[PDB]
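This report refers to the structure that appears directly beneath it.
No lab work stands behind these numbers, since they all come straight from the coordinates. When we count neighbours, we look across all protein chains shown, and the Cβ atoms used for this are built from the backbone with ideal geometry, even at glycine.
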RNA sequence: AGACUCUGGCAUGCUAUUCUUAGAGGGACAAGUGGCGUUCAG
């Protein structure tokens, strides 16, 4: 799964689009992402980068 | 130290000291300071109170001034006499200034004006300049003009250095004078023109310039007086090449002629030929500046004084009587200005003849032809530098008339069968192509159809005759005169009657003559683009469009060709045609697409025709076509889906008409179809589809938030699509959806916050979609700059700092772009709170990331050094970056015509001439200028096969 | 970073505002010692900082004057940077909840007597004496008072010919009228006599912790100053120090009756103050009210 | 995009040698660049074809006398050999 | 505010070959259109 979209196939483009659409729907339906959006984004980014 | 203070006399005295006691103004200050004005001659105390009196006096105590004007006149008059007897400067200067203010605001007044006027000839410059400016302010702020004019006349007649002083008075005061005093002043001025002194001549020419430049009315200056002073000014013309007074003499004669034309135009045009002849003679001066000035003056007179009256004058022939004869005479002068004796001003003469053609040709053509023949003869010189200027002049004359009158004057010698191969008037065809814009199409028919047909036949006949050299030349000829049709189609005057004679000819020339087709197509487009202004013209174009449509459709749909120019012609040509035959051809094209016995190339060509026919049909045909194309959005062929999305974009492209009605009728169907076909959209098909979505975001109602929030991930993934056009469309669609949410609520900032939190979660998931959302926020930050609220931007910037720690190069690059946009956009006062965090995240980036992204980091450090202190950036960066920093600082230290040979080029002084010596050189011959020139007369390795080697 | 003064001092935050400038804090980047900053704009209504530099370099050496560090011009400003000092007397007046005792005011009186002795032995007058104008030292200078703000200072005597500035009426009130003299209110040329009258005024301000003409309001500034003046002549000397030792009263009577060209005996005033100090049985232990509230915490 | 010195130099000399055998569009120009020039680089071949196409669309819009005398001069040179 | 070098997307084509391969050959050159342009560079 390469990061660059130009070298990777359109079926995987459709799969990635469907997956990110479902993830967007779930995160938009989450009660945590209704009161403090940017705070939750910062916490998630901090967790993801301290994982890295 | 105490003049620059705000409390000083520089600023605050002009504002708050005028309000004396709370009310502005009271002269009780002045009424109390008579006692210092009388019997006291102390310096720097009289001067200071005079300064304050001058400064405060402008704040309009006008009824009080009218009342005690007698008291002020007597007081300041005795001050004048006492200071003249004593001999001081500053007190005298500001008392002159305050008397000037008093006389401006308001029998004895004539005496006060005389007392103010008498101190101009006072030898001290400070007294004289103040008196002059005061008199000028009094007159321009008139019953006193006669007295000061007589005073100036008597002061000149009495006198040598003061002569220039009241000449400066005359320069500044001539427009505000009565007519008899203007006449007497000009008589005295010509009397001092009888002297040979240079400075008086230059200053009084400046006085004439100020007199005629202001454009005085009939009361100040009459037309007869202007004619008399014009005829009197002809007697000096200093010598030929003085260039300081000759410039002023030309300028004042130009202004006098302009004023005379403005007063009475026929007399001005009658007096113009003498001035034009003298200007043409003065063009033989060796100075370049006087030549440019004469060209500019004659150009200005031609544009402003000659051009707008030619509808009144009408056509001029060789036997004109009135102002037309004068126009013929000054044309004769500018025609005589084309002989061999000039040979250095031919650039200026040809430019002035070019603007002469543009201004004059439509009514001056009967006499125009001899000059045209002469200038055609001038191009026969072996070496010509003004070839581009000559071609511009011939093009201007063609733009004035057209090729019919020009070819009556200078005929083309390419009429059929020639003997030699050196066509001498071959430049005429490029000139005609470049500059025909206002002609008749019937001349193009009756002249360029049989001649080009015979030349094409001769070219083909010589092609089968073995001679491949002459045949190529004749084919290039017939191509060149077939390129005149776009010029003739610019703005024809008889295209309502002459288009019938070219319809079948253009049809066969676009059918079985490929070599002309593109130009022919361009001609059609050119015609439409500026020829359907009238209604009978557009009716004729439709009446032949009903025949031209199958021809163009078959030309585009044939297998292999210039398909794209044909497509553009079809696009405009279908925007200008009737809807019923559009519906018929749309039905035929739908039949051709739905026919399974058609090839894929033919199917795609007919789909392109469907794309062209889609916005021009009615709502029923558009709805039927949409019903046919709707199952094709899920086709596995990327081309079919691309053409389907192009159809959906084109039907939604029209803001008004049947397309908008179809969109309003089928909005829900289009929304559910576009949401259903989102999953199975191919990569090229993203490029039109977004535009179609764009065309349905601009007119979207308030109850459509679900559609937009479902389209968002597709738009972001298209902001990181492969195609640059798809990325541009996705960025535009993001901006347009942001605009669309600025219409659904009352608070714009809260609506933008909602739009952002609908696109914010993309910073959470996969790497490429994280970079997608960073690029989306980068694009949105440049458009809605302050409207989301900078503090939120700061939070976003902080998040980007975490994304500055990412391993992937795309996320780092997008974060750097967002940081650059944030530095550009949001405020430095809020930057200074957040410099340290963002640039600390910059500092601990990597070695590889720092090395690869050296351009962006260099630009960011440059912007930070520009916006903040260099020492701060030096303090907060680590060691190695400091090296680059000083280089950046050193950077900020360092910051403070159409011939073959000309195109194939490896890319005092102008008065030089070359004679040539054949018959003896007869200078009196009219064709001598052909023998007088204006310019100086006179790598790879080939292989064994003979093919060149290129590296 | 954002601004460096002198090439080796880094600027900090504002601590106050001077008569002809703003007062900032700064740290030396070479050795780390902390300095105070007087900054003024190069284009303003009162370019008097070079005269202040001259007066500071005149007053060097003796006690009660901060030592000069640097002066210069910085890209839009002129900045004079001096040694750091502590709070003024009004800050301690606010910290102590508006109460002073007998021992502390006699310490302050002896210190300001010494300061006035030094400034009149250095041939200059102050004309803006106030509790804000007298600062307190720092470190081992924690028992020493310091005198600043020579912006409104002027020459009052000549070194060679022993001549005063000639007396002339109608002088504008340069300083504050809470401690201005009657001669200063009328427009009489200010001299040393008006100076220790202002010393007596700040002394009674420290003692009574309030003034009867403090907070007086009138039509304008001139009317306010005038009204303060006639109510100052209307106020008897002895009623200003009721319930107080008569040392301050006869000090005010002595300094009121001084002439123009006379030389007062400051040794007499110091002797009388120390006699009163020892007859009320106190010692020079430098235990001030602000100090003892620091140890009480 | 910009064009290097060698592309325009080789284009000018190839015009001066074989203007007669050229065409007007990118197809004929890349064909004659294939069959007249060695040109080992296909990238430089596309560049040379594009710029000689630019030269063609520039020069038949000029007067025909210069192009004509170029034709009989090139014919004289060809007939001489 | 990289005019440096190499190079990708599409091949139902050749090679042991439309779904995987790896050598070669193609394809893109600002090529086409309309505006702004010293009418040529852009």
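When peptides B:859-865, D:17-23 are ranked by their average number of other Cβ atoms within 10 Å per residue, the highest-first order is B:859-865, D:17-23. Of the residues B:265, B:479, the one with the fewest other Cβ atoms within 10 Å heads the list, and the complete ranking is B:265, B:479. Principal-axis analysis of the Cα atoms of chain C puts helix C:102-121 at an angle of about 70° to the longest axis.
Calculated FRET efficiency, residue B:787 to residue A:39, Cβ-Cβ distance, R0 = 35 Å: about 0.95 to the nearest 0.05. Distance from the alpha carbon centroid of region C:87-109 to that of region B:700-762 works out to 67 angstrom. Spin-label pair residue C:173-residue D:13: with each label point 7 Å from Cα along the Cα-Cβ axis, the two points sit 9.8 nm from one another.
With axes computed from alpha carbons, what is the tilt in degrees of helix C:49-58 against the longest principal axis of chain C, rounded to the nearest 10 within 0 to 90? Orientation of helix C:49-58: about 70 degrees from the principal axis.
The length gained on full extension between residue B:219 and residue B:191, counted as 0.36 nm times the residue separation minus their Cα-Cα distance, comes to 7.7 nm. Take each residue of peptide B:898-906, count the partner chain Cβ atoms within 10 Å of its Cβ, and average: the result is 6.
Distance from the C-alpha centroid of region C:36-56 to that of region B:485-505: 85 Å, rounded to the whole angstrom. Kindly provide log₁₀ I(q)/I(0) values, in the same order as q = 0.16, 0.21, 0.26, 0.30 Å⁻¹, from the Debye equation applied to equal alpha-carbon scatterers of region D:1-60. The Cα Debye sum returns log10 ratios of -0.41, -0.73, -1.17, -1.60. Annotation: peptides B:847-854, B:407-414, ranked by per-residue average of other Cβ atoms within 10 Å with the highest first, follow the order B:407-414, B:847-854.
Going by neighbour counts of Cβ atoms within 10 Å, the residues B:37, B:368, A:49 line up, fewest first, as A:49, B:37, B:368.
Given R0 = 30 Å, the distance between the Cβ atoms of residue B:467 and residue B:508 translates into a calculated FRET efficiency of 0.65. Looking at the protein assembly as shown alone, DSSP beta bridges between its own residues are antiparallel in about 95 percent of cases.
Note on chain C: with a GNM built from Cα contacts shorter than 10 Å, the maximum mean-square fluctuation among C:253, C:94, C:183 falls on C:94.
Annotation: peptides B:209-216, B:631-638, ranked by per-residue average of other Cβ atoms within 10 Å with the highest first, follow the order B:209-216, B:631-638. Mean separation of Cα pairs under 8 Å and 6 or more residues apart, divided by the residue count, gives region C:86-292 a relative contact order of 23 percent. With a simple spin-label model that places each label point 7 Å from the Cα along the Cα-to-Cβ direction, the separation between residue B:854 and residue B:530 comes to 5.2 nm. Take the Cβ atoms of residue B:795 and residue D:2, set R0 to 51 Å, and the FRET efficiency comes out at 0.75. Multiplying the residue separation of residue B:653 and residue B:890 by 0.36 nm and subtracting their alpha-carbon distance yields 80.0 nm.
For the peptide B:756-768, the mean number of other protein chain Cβ atoms found within 10 angstrom of a residue's Cβ is 6. If a spin label sat at a point 7 angstrom from the Cα of residue C:1 along the line to its beta carbon, the backbone N atoms of region B:808-850 nearer than 14 Å would be those of B:831-840.
Between residue C:237 and residue C:28, the modelled labels are 4.8 nm apart [label points 7 Å from Cα along Cα→Cβ]. Determine the distance separating the Cα centre of region B:650-674 from the Cα centre of region C:203-237; give it in Å without decimals. Spelled out, the Cα-based centre of one part sits 85 Å from the other.
Each of C:106, B:225, B:733 was scored by other Cβ atoms within 10 Å of its Cβ. Arranged with the fewest first, they read B:225, C:106, B:733. May I ask for the angle, rounded to the nearest 10°, between helix C:246-256 and the longest principal axis of chain C, with both axes built from Cα atoms and the value confined to 0 to 90°? Helix C:246-256 sits roughly 80 degrees off the main axis of chain C.
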